[PDB]
Amino acid sequence: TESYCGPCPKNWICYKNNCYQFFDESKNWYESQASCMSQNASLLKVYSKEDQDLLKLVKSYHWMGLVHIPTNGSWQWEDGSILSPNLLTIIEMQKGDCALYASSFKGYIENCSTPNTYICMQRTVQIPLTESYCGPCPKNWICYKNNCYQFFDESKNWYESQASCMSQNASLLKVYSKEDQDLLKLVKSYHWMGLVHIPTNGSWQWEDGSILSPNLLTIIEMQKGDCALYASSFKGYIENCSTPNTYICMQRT
Amino acid sequence: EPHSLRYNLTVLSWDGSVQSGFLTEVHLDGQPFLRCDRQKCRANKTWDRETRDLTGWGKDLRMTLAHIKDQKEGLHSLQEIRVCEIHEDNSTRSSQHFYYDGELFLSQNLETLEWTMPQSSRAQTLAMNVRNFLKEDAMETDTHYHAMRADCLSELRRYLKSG
């Protein structure tokens, strides 16, 4: 496709006409809403599983724009918008009138004054044109700091996952920068990336020949094999290449 | 009127290599309810929620087992039990228990988030690895364990709601 993801704030995640940012600074809900408002935005509104399927891979619990009305007994978004069904599973965790988002489109009821991390979201249209455009990416790919990503939840072995990324004129995840790919901290589970062990040399290298940069990943031996699953907090778990797993493509460097 | 849901997920390592997949036993009021693995779940019976969630847990527990710096000698199993109870008076109990080669070595009460550590220093080593892993690598927090209790209870409710 090769389309520029539309007006977003600088170094926000831009996905399907929606800007996003994850704040790992734990504030309470109110503080978190104000924090998003101070960036001309608001807390995460979840309106569609399809347009916001990026949210399926998120680690941990994050304040979401959803609020409970004591009188109604209904859940509404910060701006008053109704919570559409077949989006969220509301779970009674704590007594409270706010909800933490967590993956598999779940929503844990939490006390609003409990510090938690948070997600701001704003639509591309409501950001003015004098603003940051995320670099050329395919249509339905997650654009973050000009790199393009997509997560394939249909699990395949390493080789097929490579070919899968090849078929979309991409390659498997190549980590080259903790700063530029700090998004990867919030990925849950593990996923095939393009890091391959050469058993002869005993080395690790990327799909395109590049050698693994030091102090970029922690490598843990899990399953003997010549392929590495990315896992969160920049880890690279060694896995048998024939083991089917989910995977992450990226437009190449 | 008192009910319980008991998940029991096992992951295995052979010569220190953590095996692919996992095996989960679910018990509903102590009656065997599901046996799940990587492929599917088995008791229009659809278990897409279970398969998703247990697979994710399988993945986590495999990470956890991989982080145990024990020995690469033979078979080892890491087994996590998650229990939640709804008592007659509507109160709950809930807990998390890890067995390594069938020896209980770590428990957390999910109502109180207090861990009970085992007596033997070996078992304690295992417990400390895993606790390290959970806190540092998995970055698990009180919220996660609140949520774990809630998940379990939500599922127990859900199952009670149908039959």
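Here, residue 1 is simply the first one shown, and the rest follow in order.
Note: Cβ is positioned from N, Cα and C throughout, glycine not excepted.
Cβ neighbour count for B:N8 (N-linked glycosylation site) (all protein chains, 10 Å cutoff from its Cβ): 17. In the three-state DSSP scheme, B:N8 (N-linked glycosylation site) falls into the strand class. Taken from Swiss-Prot, the feature N-linked glycosylation site applies to B:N8 (among others).
The feature disulfide bond is assigned by Swiss-Prot to B:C36-B:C41 (among others). Classification of B:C41 (disulfide bond) by DSSP places it within a strand. Residue environment of B:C41 (disulfide bond) contains 20 other Cβ atoms, counted within 10 Å of its Cβ in all protein chains.
Annotated N-linked glycosylation site per Swiss-Prot: B:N44 (among others), in sequence order. Close to B:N44 (N-linked glycosylation site) in the fold, though at least 6 residues off in sequence, lies no residue with a CB less than 8 Å from its CB.
Annotation comment: Swiss-Prot describes B:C84-B:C152 (among others) as disulfide bond, evidence class experimental evidence. Taken residue by residue with DSSP, B:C84 (disulfide bond) is part of a strand. The C-beta environment of B:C84 (disulfide bond), restricted to residues of the same chain at least 6 apart in sequence and closer than 8 Å, consists of B:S4, B:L5, B:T92, B:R93, B:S94, B:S95, B:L110, B:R149, B:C152, B:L153, B:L156.
Cα-Cα distance from B:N8 (N-linked glycosylation site) to B:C36 (disulfide bond): 10 Å (rounded to the nearest whole number). B:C152 (disulfide bond) is surrounded by 23 other CB atoms, counting those within 10 A of its CB over all protein chains shown. Under the DSSP three-state reduction, B:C36 (disulfide bond) is assigned to strand.
Cβ neighbour count for B:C36 (disulfide bond) (all protein chains, 10 Å cutoff from its Cβ): 23. 12 residues between B:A43 and B:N44 have no modelled coordinates; the flanking Cα atoms are 12 Å apart.
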